[PDB]
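Quick heads-up: it's one chain on its own, the form deposited in one PDB entry, in structure tokens.
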């Protein structure tokens, strides 16, 4: 018997956890005994097969306490992951403000950075780092929860050149990704800076990177939105300091948003910077 082999017949659909354009994740019960006592699992399916197969192979081989656990496959193929009942920071933060203070926020930040630095050391760029993809394991632990856009960087090359970019999360993206479709580890650092802004605003929809940028550049530009975004970033405009966020935290955030990738902070430097603020 293979414990990572999940039979489709026992995999009971409960609800949607999220989706992209081509894939979806659902909460399911794997219930082989049929009595509703089976384990809850997160199941990723296509709504492209080769891409999901690559994602499975990446995730199966990542081992870090801040990276969501692979459980198996169902075979067309589905990825089976651990289900985290507290959900993402998007669900958790708005419901738990009273519980979660700046110190815990900075601990989550460190954990995301550690997860990401592990990923980078395996020569991967993530390309989709955002609060909605950060899972809450407990009040004291988070995990990177999705790897749908994750790509290997070729050895002795510094970046991945993207071809499919229709559904890019532009408001989380560094200027080089917007302008040239080149994706660096430094590009993941930029995205982390935005993700940190979300964490500091408790994922409030009205303070979201999209809502805020569209206020800055104008919401009615259609196909010209990305050029206007790039232009606004060229001018040196950035997301503003979240309420109640100390300038020292905001400055670490700003080093994530240097225009040139070469001048950005790294995940190692962020971890040092946050750990210093904690003790």
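Residue numbers count along the first chain shown, from 1. Only the largest set of C-alpha atoms that superpose within 1.5 Å between the two forms is called the rigid core.
If you look for the form deposited in another entry, you will not find it shown, but the lines that follow are about it.
Threshold 2 Å Cα movement between this form and the one not shown for residue 12, core superposed: Residue 12: C-alpha displaced by 2 Å or more between this form and the one not shown.
Residue 23 C-alpha shift between this form and the one not shown of 2 Å or more, rigid core reference: Shift of 2 Å or more: yes.
Residue 222 C-alpha moves between this form and the one not shown by 2 Å or more, core aligned: The answer is yes, as the C-alpha of residue 222 shifts between this form and the one not shown by 2 Å or more after core alignment.
Cα-Cα trend for residue 22 and residue 135, given that in the other entry the distance shifts by 3 Å or more: The answer is closer, because the C-alphas of residue 22 and residue 135 approach each other in the other entry by 3 Å or more.
In the other entry, shift in Cα separation for residue 20 relative to residue 88, 3 Å or more: The answer is closer, because the C-alphas of residue 88 and residue 20 approach each other in the other entry by 3 Å or more.
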